[PDB]
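Following this message is one structure expressed as C-alpha cells.
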2 protein chains.
Amino acid sequence: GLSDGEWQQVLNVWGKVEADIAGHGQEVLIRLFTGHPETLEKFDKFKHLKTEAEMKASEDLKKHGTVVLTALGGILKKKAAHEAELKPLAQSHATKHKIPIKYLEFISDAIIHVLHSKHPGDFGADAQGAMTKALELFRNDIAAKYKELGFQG
Amino acid sequence: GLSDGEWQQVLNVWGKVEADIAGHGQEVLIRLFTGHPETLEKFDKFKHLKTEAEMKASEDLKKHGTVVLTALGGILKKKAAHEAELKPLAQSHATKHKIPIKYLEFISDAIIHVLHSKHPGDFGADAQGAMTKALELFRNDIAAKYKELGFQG
Ligand code: HEM
Ligand code: HEM
Ligand SMILES: [O]
Ligand SMILES: [O]
C-alpha cells in the first residue's frame with residue numbers, strides 16, 4: 001500500500017494534471033498508442049491515426065484523454081480518502097490492540113442485532129442483507145491490511 | 001459488492017445510528033462483551049467492568065461506543081464513494097470494451113512517463129514510486145471487479 005505522504009504526493013501531482021487536463025490527456029494517449037500500437041485497435045474513432053502529429057491534431061483523441069484522466073482522478077481521490085480512514089484503524093488493531101478478524105465478526109454480529117432490534121422498519125431482510133455485505137467488505141479490507149502487516153488476525 | 005439500493009438501505013439505517021451514536025455504540029459494545037466475554041479482556045481500561053450493570057453505568061464504555069461507530073460510519077461512507085467511482089469503469093471495460101489488465105498496465109506506465117516528462121522537479125523518485133503504487137492498486141481493484149463481472153482481463 002501507500003503511506004500518508006505517498007497518498008498526498010499522488011493528490012498533489014493530480015492537481016498539476018487538472019491544471020492542463022487536455023494536454024496531459026493527449027500526451028498519455030499518444031504515449032500509449034505509440035508505445036503499444038495494438039491498443040489503438042480498441043478505438044473505432046482513432047485506429048486510423050499513425051503519427052504523433054496526427055494524434056495531436058485529433059480533437060476526439062484530446063476529448064477522450066480528458067475523460068480518461070477525469071475518471072482516474074476521481075478513483076484515486078476516493079481511494080486516498082478511504083485509505084486515510086482504513087489504514088490507521090488496521091494499524092492500531094493489528095499492532096497495539098491485536099484484534100483477530102473473528103472478533104470483528106463478533107462485533108459485526110452485535111451491530112446487525114442492535115440495528116434489527118432498534119430499527120426493524122429500516123432493517124428488513126434486504127436492508128439486513130445489505131448491511132451484512134457492507135460489514136463483510138469492511139472486515140475483508142482490514143484482513144487485507146493485516147496480511148500486508150504480517151498479522152495472522 | 002452492494003447494489004445502489006443496498007447502499008441506500010445501509011446509509012438510511014446509518015442515519016438512524018447517527019441520531020443517537022452514543023446510545024447505539026453503548027448497546028453494540030454491551031451486546032459484544034456479554035455475548036463474547038473474551039473480547040472485553042482486550043480492553044485494559046475496562047478491567048473494572050465485570051457485570052452488565054457496571055457496563056451500562058460506564059461513562060467511558062459509552063464514549064468508546066461513539067468512537068467505534070463514528071469510525072465505522074466514515075469507513076462505510078468512503079468505501080461506498082470509492083465503489084461508486086470504480087463501478088461504471090469496471091462495467092464498461094469488462095463487458096463492452098473488454099480491456100485486458102495488460103493494457104491497463106500499459107496506460108499506467110504511459111501516465112508515469114508523461115508525469116516524469118512534464119514535472120521532473122515535482123515528480124521525483126519518491127513521488128513516482130507513490131503514483132506507481134497507486135496505479136497498481138487501481139488495476140488490482142478493477143481486476144477484482146472484472147472477476148465479480150465474470151471477465152478474464
Ligand atoms: C486509467 C485507465 C482508464 C480509464 C480511467 C478509462 C476511462 C474511460 C472512460 C471514463 C470511458 C468513457 C465511459 C466508459 O465507456 O466507461 C472510457 C471509454 C473507453 N475506454 Fe477506457 N479507460 C482506461 C483505460 C483504457 C484502455 C487501456 C483502453 C484500451 C486499450 C480503453 C479503451 C476504452 C474504449 C474503447 C472506450 C470507448 C471509446 C468510445 O467509444 O468513445 N480504456 N474509458
Ligand atoms: C467495527 C469495528 C471496530 C471499529 C470501527 C473500531 C474502532 C476503534 C477506534 C476508532 C479506536 C480508537 C483509535 C484507535 O486506537 O484505532 C479503537 C480502539 C480500540 N479498539 Fe477498536 N474498533 C473496532 C473493533 C474492535 C474490537 C472487536 C475490539 C476488541 C475485541 C477492539 C479493541 C479496541 C481496543 C482495545 C482499543 C483501545 C481502547 C482504549 O484503550 O482506548 N476494537 N477502536
Ligand atoms: O479509455
Ligand atoms: O473498539
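Atom set for the values below is all heavy atoms of this structure, side chains included, hydrogens, waters and symmetry mates excluded. Just so we're on the same page: letters track the sequence lines, and every chain starts at 1.
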### Rounded distance [0.5 Å steps], CG in B:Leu2 versus NZ in B:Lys87
9.0 Å
### Query
Roughly how far, to the nearest 0.5 Å, is the CD atom of A:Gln8 from the CG atom of A:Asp4?
8.5 Å
### Query
Going by atom types alone, do B:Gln91 and B:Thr95 pair a side-chain donor with an acceptor below 3.5 Å?
yes
### Message
Which heavy atom of B:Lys145 sits nearest to which heavy atom of B:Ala90, and what is that distance?
### Response
CB-CB, 3.5 Å
### Summary
Here the pair of heavy atoms bringing B:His24 nearest to B:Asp20 is ND1-O, 2.8 Å
#### Entry: salt_bridge(B:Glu18, B:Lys77) N-O dist < 4.0 Å
yes
#### Entry: From CG (B:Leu69) to CD (B:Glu27), nearest 0.5 Å
10.5 Å
### Query
Between B:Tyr146 and B:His93, does the ring centroid distance fall short of 6.0 Å?
no
### Query
side chain to side chain contact (heavy atoms under 4.5 Å, CB included) between B:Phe43 and A:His97: does it pass, once the steps are laid out?
CA-CA 8 Å; B:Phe43 289 86; A:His97 316 313; over 6 Å; no
### Query
Is there side-chain contact between A:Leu61 and A:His64, with at least one heavy-atom pair below 4.5 Å?
no
### Query
Quick one: CG on B:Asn12 to CE on A:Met131, what's the gap to the nearest 0.5 Å?
9.5 Å
#### Entry: Rounded distance [0.5 Å steps], NZ in B:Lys79 versus CG in A:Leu86
8.0 Å
Residues 98-116 of chain B, side-chain donor-acceptor partners within the protein, below 3.5 Å, at least two apart:
unit_1, atom_1, unit_2, atom_2, d
B:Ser108, OG, B:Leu104, O, 2.8
B:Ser108, OG, B:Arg139, NH1, 3.0
B:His113, NE2, B:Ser117, OG, 3.4

### Shortest non-hydrogen contact from B:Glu6 toward A:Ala130
O-CB, 3.5 Å
### Query
So does B:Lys16 have more than 12 non-hydrogen atoms from other groups sitting under 6.0 Å from NZ?
no
#### Entry: Flag for A:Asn140-A:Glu136: side-chain donor and acceptor within less than 3.5 Å
no
### Message
Please list all pairs meeting salt bridge (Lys or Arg N to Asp or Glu O under 4.0 Å) that have one or both residues in residues 38-49 of chain A, counting only residues at least two apart or in different chains.
### Response
none
### Message
So, taking the atom named CZ in A:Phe138 and the one named CG in A:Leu89, what distance separates them when rounded to the nearest 0.5 Å?
### Response
5.0 Å
### Task
Looking only at non-hydrogen atoms, find the nearest pair between B:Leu76 and A:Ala134 and report the distance.
CD2-O, 3.9 Å
### Message
Under the criterion salt bridge (charged side-chain N to carboxylate O under 4.0 Å, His left out), I'd like the reasoning laid out for B:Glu83 against B:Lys78: C-alpha separation, chi angles, the key distance, then a yes or no.
### Response
CA-CA 9 Å; B:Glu83 291 280 274; B:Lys78 292 304 197 312; over 6 Å; no
